[PDB]
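Engineer: Provided herewith is a single structure, encoded as structure tokens, for subsequent inquiry.
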Amino acid sequence: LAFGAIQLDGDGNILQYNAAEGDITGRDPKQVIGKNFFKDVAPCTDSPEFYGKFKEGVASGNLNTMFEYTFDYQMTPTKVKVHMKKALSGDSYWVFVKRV
Ligand SMILES: *C(=O)/C=C\c1ccc(O)cc1
């Protein structure tokens with residue numbers, strides 16, 4: 001995956017996104033990575049339950065699953081498949097998204 005592969009820490013901050021290796025856009029780069037999630041009391045960012053039991057993933061100590069989620073609604077995103085993996089570094093977990 002040259003796109004879809006993001007690595008985040010098991011505390012709540014994004015570390016690196018695997019895709020940025022060629023700045024061929026003039027976007028505002030405050031979209032992804034460098035994300036320190038402060039307790040602004042915002043549990044509604046399209047994910048009431050974080051990813052795939054991400055909240056349990058952390059404390060269970062084995063956040064590594066591939067789960068495909070189909071959106072059979074109207075105003076929903078495309079069918080994606082999340083492969084999360086507890087980073088081999090330790091207290092961090094990856095997120096590989098892959099649309100079908
Ligand atoms: C999170 O924001 C959950 C519910 C909700 C309901 C109504 C409005 O306007 C915002 C949010």
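Identifiers in the structure tokens: chain A, B, ... in order shown; residue index from 1 per chain; ligand index from 1 in order shown.
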Taking only residues of chain A that have an atom at most 12 Å from an atom of ligand 1, what is each one's shortest atom pair and its distance in Å to one decimal, using only C-alpha atoms and all ligand atoms, in chain and number order, as a Markdown table?
Structural biologist:
| residue | atom | partner | partner_atom_place_in_ligand_line | distance |
| --- | --- | --- | --- | --- |
| A:41 | CA | ligand 1 | 2 (O) | 10.0 |
| A:42 | CA | ligand 1 | 2 (O) | 7.3 |
| A:43 | CA | ligand 1 | 1 (C) | 6.5 |
| A:44 | CA | ligand 1 | 1 (C) | 4.2 |
| A:45 | CA | ligand 1 | 2 (O) | 7.5 |
| A:46 | CA | ligand 1 | 1 (C) | 8.4 |
| A:47 | CA | ligand 1 | 1 (C) | 9.4 |
| A:48 | CA | ligand 1 | 1 (C) | 8.0 |
| A:49 | CA | ligand 1 | 1 (C) | 11.8 |
Engineer: Could those residues be written to a file, using N, CA, C and O atoms, as a compact mmCIF listing (two decimals), in the first residue's frame?
Structural biologist:
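Wrote it out as selection.txt, contents follow:
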# COMPACT_ATOMS: atom_id res chain seq x y z
N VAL A 41 -13.35 17.11 24.35
CA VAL A 41 -14.68 16.51 24.52
C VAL A 41 -15.40 16.47 23.16
O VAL A 41 -16.38 17.17 22.92
N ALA A 42 -14.87 15.63 22.28
CA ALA A 42 -15.45 15.45 20.96
C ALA A 42 -15.41 13.98 20.57
O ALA A 42 -14.48 13.53 19.92
N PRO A 43 -16.42 13.21 21.00
CA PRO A 43 -16.50 11.78 20.69
C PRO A 43 -17.21 11.51 19.37
O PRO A 43 -17.43 10.36 19.00
N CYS A 44 -17.58 12.57 18.67
CA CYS A 44 -18.27 12.43 17.40
C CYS A 44 -17.41 12.92 16.25
O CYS A 44 -17.45 14.09 15.88
N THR A 45 -16.58 12.03 15.74
CA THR A 45 -15.85 12.28 14.51
C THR A 45 -16.03 11.08 13.57
O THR A 45 -15.06 10.42 13.18
N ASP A 46 -17.30 10.77 13.29
CA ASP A 46 -17.68 9.66 12.41
C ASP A 46 -17.29 8.30 12.99
O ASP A 46 -17.36 7.28 12.30
N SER A 47 -16.90 8.28 14.26
CA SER A 47 -16.50 7.04 14.89
C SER A 47 -16.82 7.06 16.39
O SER A 47 -15.97 7.41 17.20
N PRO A 48 -18.07 6.73 16.76
CA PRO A 48 -18.45 6.59 18.17
C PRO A 48 -17.61 5.52 18.85
O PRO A 48 -16.98 5.76 19.89
N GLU A 49 -17.60 4.34 18.25
CA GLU A 49 -16.64 3.32 18.60
C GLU A 49 -15.45 3.44 17.67
O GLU A 49 -15.60 3.35 16.45
Engineer: Run DSSP on the backbone and give me the residues of chain A it puts in helix (DSSP H, G or I), as a PyMOL selection string.
Structural biologist: chain A and resi 54-60
Engineer: Between A:9, A:28, A:23, A:91, which one has atoms that come closest to residue 60 (chain A), using only C-alpha atoms?
Structural biologist: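 Closest residue, counting only C-alpha atoms: A:91.
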Engineer: Tell me which protein, DNA and RNA residues are within 10 Å of region 37-39 of chain A, counting only C-alpha atoms, leaving out same-chain ones fewer than 5 positions away, and put them as a PyMOL selection string.
Structural biologist: chain A and resi 11-14
Engineer: Extract, using only C-alpha atoms, all DNA, RNA and protein residues at most 10 Å from residue 81 (chain A), discarding same-chain residues fewer than 3 positions from it, and format them as a short mmCIF file (atom, residue, chain, number, x, y, z; two decimals) with N, CA, C and O atoms, in the first residue's frame.
Structural biologist:
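File produced: result22.cif:
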data_model
loop_
_atom_site.label_atom_id
_atom_site.label_comp_id
_atom_site.auth_asym_id
_atom_site.auth_seq_id
_atom_site.Cartn_x
_atom_site.Cartn_y
_atom_site.Cartn_z
N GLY A 4 -3.04 4.52 2.22
CA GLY A 4 -3.90 3.80 3.14
C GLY A 4 -3.18 3.34 4.38
O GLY A 4 -3.81 2.99 5.38
N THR A 65 -6.19 -6.45 13.67
CA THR A 65 -7.30 -7.09 13.00
C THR A 65 -7.51 -6.50 11.62
O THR A 65 -7.18 -5.34 11.37
N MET A 66 -7.96 -7.33 10.69
CA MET A 66 -8.41 -6.87 9.39
C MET A 66 -9.92 -7.01 9.31
O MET A 66 -10.46 -8.11 9.37
N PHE A 67 -10.59 -5.88 9.20
CA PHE A 67 -12.04 -5.86 9.17
C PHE A 67 -12.53 -5.00 8.02
O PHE A 67 -12.12 -3.85 7.88
N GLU A 68 -13.40 -5.55 7.19
CA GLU A 68 -13.98 -4.80 6.10
C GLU A 68 -15.35 -4.28 6.52
O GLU A 68 -16.17 -5.03 7.05
N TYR A 69 -15.57 -2.99 6.30
CA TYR A 69 -16.83 -2.38 6.66
C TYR A 69 -17.51 -1.82 5.42
O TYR A 69 -16.99 -0.91 4.77
N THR A 70 -18.66 -2.38 5.08
CA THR A 70 -19.40 -1.93 3.93
C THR A 70 -20.39 -0.84 4.33
O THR A 70 -21.02 -0.92 5.39
N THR A 78 -17.01 4.84 1.02
CA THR A 78 -16.92 3.59 0.28
C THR A 78 -16.53 2.44 1.19
O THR A 78 -16.04 2.64 2.30
N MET A 84 -5.44 -3.22 11.06
CA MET A 84 -4.74 -2.57 12.15
C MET A 84 -3.75 -3.55 12.72
O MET A 84 -4.01 -4.75 12.72
N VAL A 95 -2.73 1.42 10.97
CA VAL A 95 -4.02 1.42 10.31
C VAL A 95 -3.82 1.35 8.80
O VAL A 95 -3.48 2.36 8.17
N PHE A 96 -3.99 0.18 8.22
CA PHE A 96 -3.93 0.04 6.77
C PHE A 96 -5.34 -0.06 6.21
O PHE A 96 -6.01 -1.08 6.38
N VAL A 97 -5.80 1.00 5.57
CA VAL A 97 -7.11 0.97 4.95
C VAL A 97 -6.99 0.53 3.48
O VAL A 97 -5.99 0.80 2.82
N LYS A 98 -7.97 -0.22 3.02
CA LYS A 98 -7.97 -0.73 1.66
C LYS A 98 -9.40 -0.88 1.17
O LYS A 98 -10.15 -1.73 1.66
N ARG A 99 -9.80 -0.05 0.22
CA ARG A 99 -11.15 -0.10 -0.29
C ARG A 99 -11.30 -1.27 -1.26
O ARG A 99 -10.37 -1.61 -1.99
N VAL A 100 -12.47 -1.90 -1.22
CA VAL A 100 -12.77 -3.00 -2.12
C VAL A 100 -13.65 -2.50 -3.26
O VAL A 100 -13.19 -2.51 -4.42
#
Engineer: Name all residues at most 9 Å from residue 10 (chain A) (count only C-alpha atoms; drop same-chain ones fewer than 2 positions away) and give them as a ChimeraX atom specification.
Structural biologist: /A:8,12-13,57-58,86-87,90-93
Engineer: Considering only C-alpha atoms, return as a ChimeraX atom specification whatever protein or nucleic-acid residues lie within 12 Å of residue 31 (chain A), sequence-local ones (same chain, fewer than 4 positions apart) excluded.
Structural biologist: /A:14,17,27,35
Engineer: Which value, in Å to one decimal, gives the distance between CA of residue 33 (chain A) and CA of residue 3 (chain A)?
Structural biologist: 13.7 Å
Engineer: Just the number, please: distance in Å from CA of residue 82 (chain A) to CA of residue 94 (chain A), one decimal.
Structural biologist: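 Rounded to one decimal, the two atoms are 9.6 Å apart.
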Engineer: What does the distance from CA of residue 74 (chain A) to CA of residue 56 (chain A) come to in Å, to one decimal?
Structural biologist: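 Between CA of residue 74 (chain A) and CA of residue 56 (chain A) the gap works out to 29.5 Å.
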Engineer: Using the chain letters and numbers from this document, which residues of chain A does DSSP assign to strand (DSSP E or B), as a ChimeraX atom specification?
Structural biologist: /A:5-9,13-18,36,65-69,80-86,92-99
